[PDB]
Amino acid sequence: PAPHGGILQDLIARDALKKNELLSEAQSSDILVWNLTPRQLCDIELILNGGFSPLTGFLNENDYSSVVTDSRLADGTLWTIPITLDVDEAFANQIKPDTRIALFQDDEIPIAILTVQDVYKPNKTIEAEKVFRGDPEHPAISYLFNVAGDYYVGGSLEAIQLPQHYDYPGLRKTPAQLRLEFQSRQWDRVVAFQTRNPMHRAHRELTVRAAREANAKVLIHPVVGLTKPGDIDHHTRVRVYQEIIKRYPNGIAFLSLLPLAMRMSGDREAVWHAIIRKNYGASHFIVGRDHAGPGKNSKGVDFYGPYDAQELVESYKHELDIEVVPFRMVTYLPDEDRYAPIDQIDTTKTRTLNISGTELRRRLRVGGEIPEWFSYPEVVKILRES
Ligand SMILES: [Co+2]
Numbered sequence: 002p003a004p005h006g007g008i009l010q011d012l013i014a015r016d017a018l019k020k021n022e023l024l025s026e027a028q029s030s031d032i033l034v035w036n037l038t039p040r041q042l043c044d045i046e047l048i049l050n051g052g053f054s055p056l057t058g059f060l061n062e063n064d065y066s067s068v069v070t071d072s073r074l075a076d077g078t079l080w081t082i083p084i085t086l087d088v089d090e091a092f093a094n095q096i097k098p099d100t101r102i103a104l105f106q107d108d109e110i111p112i113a114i115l116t117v118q119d120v121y122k123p124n125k126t127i128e129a130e131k132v133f134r135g136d137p138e139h140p141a142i143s144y145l146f147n148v149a150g151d152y153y154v155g156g157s158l159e160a161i162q163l164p165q166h167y168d169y170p171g172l173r174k175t176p177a178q179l180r181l182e183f184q185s186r187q188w189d190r191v192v193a194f195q196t197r198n199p200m201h202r203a204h205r206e207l208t209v210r211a212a213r214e215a216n217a218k219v220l221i222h223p224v225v226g227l228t229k230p231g232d233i234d235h236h237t238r239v240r241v242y243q244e245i246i247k248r249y250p251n252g253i254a255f256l257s258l259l260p261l262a263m264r265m266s267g268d269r270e271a272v273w274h275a276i277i278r279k280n281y282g283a284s285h286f287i288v289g290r291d292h293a294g295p296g297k298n299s300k301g302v303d304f305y306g307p308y309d310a311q312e313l314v315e316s317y318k319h320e321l322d323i324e325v326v327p328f329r330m331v332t333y334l335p336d337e338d339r340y341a342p343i344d345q346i347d348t349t350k351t352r353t354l355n356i357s358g359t360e361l362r363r364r365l366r367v368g369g370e371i372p373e374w375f376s377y378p379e380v381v382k383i384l385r386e387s
């Protein structure tokens, strides 16, 4: 399908012919330099590779304000999560419109040149309330107030190179690369699966079922960048994904890593995910229960309703030109030796076998056996005493 906004803003491709010139400038002694923070590095990779199309830079206050209150850029284009370059007060004081800033990675690798449009002090309370629902315990709000700089710098970017990664080379396909991969296989219908956790037999079954019902193929698109605090190590997860994809039906699935910095912003994040996956070439997107949700706060109160994400994305589906596929968990039916959607099993006389996240975690820590009906032996081994 077409990128969000119609154009894949692959700035690496756009500025390829001026890389030497931009690199030279970024290394000059007179240019202002900003060392990107971990979250900014994830965000900038997705802006530069077109993952955040139509974005071509960090949001100026005009667009930021519209995103915060109306979930749209100033021109009306759907966009739910503000992507801004947050800096400290002193740095903001040295900036003025038209100032060109060299953005670096690890204070040594030139990533891009930002042409400043504005520098402003956002009202973070409004951002926390409108974008993240206001609970002080929400991961995005804690980040917003404690870690994020208090000043935002809006501006357009010119690309030099994508952030450098030293893990799993070639596994982070860009939107252009994935789109070509799909086209090369004549995959016009692709259902994307978001995850920041390991995958078991049930996930293999639900994604395969989703693909078959939609007459499409499967894109396992796990996040490897910034996920939820306490998640399984990224190396363990990647090994799990590489192994489990081998268990999929002949030529129905493809695996690629997404270097996204999740905000754990529930429904708004689910819409953002749909946009991102559309930019990466997907036609369908699975939306889970409490999709991208932080769970419950200290008082046992859910940050988001379980179906808020599904409902919000469904409401924007026509505008996004993407199809929403509700996450349909499957379970194992021993009396029929088959897998079926938990929904399919009405409150009647039907037995099922399951292993809770709690039981799984505890068995893995004591070397307890895990049944094959729950997960493939090769996958379990990877999670074993990890
Ligand atoms: Co690593």
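Numbering (PDB author numbering), first residue to last: 2 to 387. Every residue, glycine too, gets a C-beta built ideally from N, C-alpha and C.
Counted within 10 angstroms of its Cβ, other Cβ atoms place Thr126 as buried (16 or more) or exposed: exposed
Collapsed DSSP secondary structure at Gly135 in the structure displayed: coil
Span of the alpha helix (DSSP H), counted from its first residue to its last, around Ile246: Membership of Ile246 in any alpha helix (DSSP H) is not indicated, and neither H nor E is assigned to it by DSSP.
Range covered by the alpha helix (DSSP H) that runs through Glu312: 309-321
Inter-residue CB distance, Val272 and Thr85 (contact presumed, cutoff 8 Å): 18 Å between Cβ atoms; not a contact.
Distance between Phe194 and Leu33 (C-alpha atoms, nearest Å): When rounded, the separation of the alpha-carbon atoms in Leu33 and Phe194 is 40 Å.
As assigned by DSSP and simplified to three states, the class of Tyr65: helix
Expected contact under 8 Å - CB spacing of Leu163 and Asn280 to nearest Å: Actually they do not touch by this definition, with Cβ atoms about 15 Å apart.
Cβ neighbour criterion (16 or more within 10 Å) applied to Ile221: buried
Sequence-distant residues of its chain with Cβ nearer than 7 Å to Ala217 (five each side left out): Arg190, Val191, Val192, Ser284, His285
Simplified DSSP assignment, three categories, for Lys218: strand
Distance CB(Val148)-CB(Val120) smaller than 8 Å: The answer is no: Cβ separation not under 8 Å.
Counterpart residues of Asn36 in DSSP-defined beta bridges: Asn36 is bridged to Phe105.
Close beta carbons around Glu315, own chain, < 6 Å, minus the five adjacent residues each side: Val325
Pairwise C-alpha distance: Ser357 and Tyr317: 33 Å
Through-space distance from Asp322 to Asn251, alpha-carbon basis: 28 Å
Ligand 1 heavy atom lying under 7 Å from the CB of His285: Incorrect: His285 has no Cβ contact closer than 7 Å to ligand 1.
Own chain residues within Cβ distance below 7 Å of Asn355, not counting five before or after: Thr332
Cα-Cα separation, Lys174 to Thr349: Their Cα atoms are separated by approximately 45 Å.
Helix, strand or coil at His292 [DSSP, three-state]: In the displayed model, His292 falls within coil according to three-state DSSP, outside both helix and strand.
For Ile287, three-class secondary structure by DSSP: strand
Whether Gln10 touches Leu56 by CB criterion (8 Å): yes
Proximity to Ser257 [Cα-Cα], best of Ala275, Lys247, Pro223: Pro223
Residues near ligand 1, criterion Cβ-heavy atom distance below 7 Å: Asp168, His235, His236
Neighbour-count burial assignment, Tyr65, 16 or more Cβ in a 10 Å radius: buried
Whole-angstrom distance between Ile142 and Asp136, CA atom to CA atom: 7 Å
Stretch pair the stretch 232-248 + the stretch 36-52: three plus CB contacts closer than 8 Å: no
Rounded C-alpha distance that separates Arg248 from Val209: 11 Å
Beta-bridge partners of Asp189, as assigned by DSSP: For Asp189, DSSP assigns no beta-bridge partner whatsoever.
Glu373, DSSP secondary structure in three states: coil
Beta-carbon gap between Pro295 and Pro140 smaller than 8 Å: yes
Check whether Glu138 and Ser387 have beta carbons under 8 Å apart: no
Residues near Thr228 in its chain [Cβ-Cβ closer than 7 Å; skip 5 each side]: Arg197, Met263
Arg339 classed as buried or exposed, judged by whether at least 16 other C-beta atoms fall within 10 angstroms: exposed
Minimum length 3: unbroken beta strand (DSSP E) runs contained in the stretch 71-133: 86-88, 101-106, 110-121
Selected residue, minimal CA-CA separation from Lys20, among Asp44, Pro111, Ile102, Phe92: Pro111
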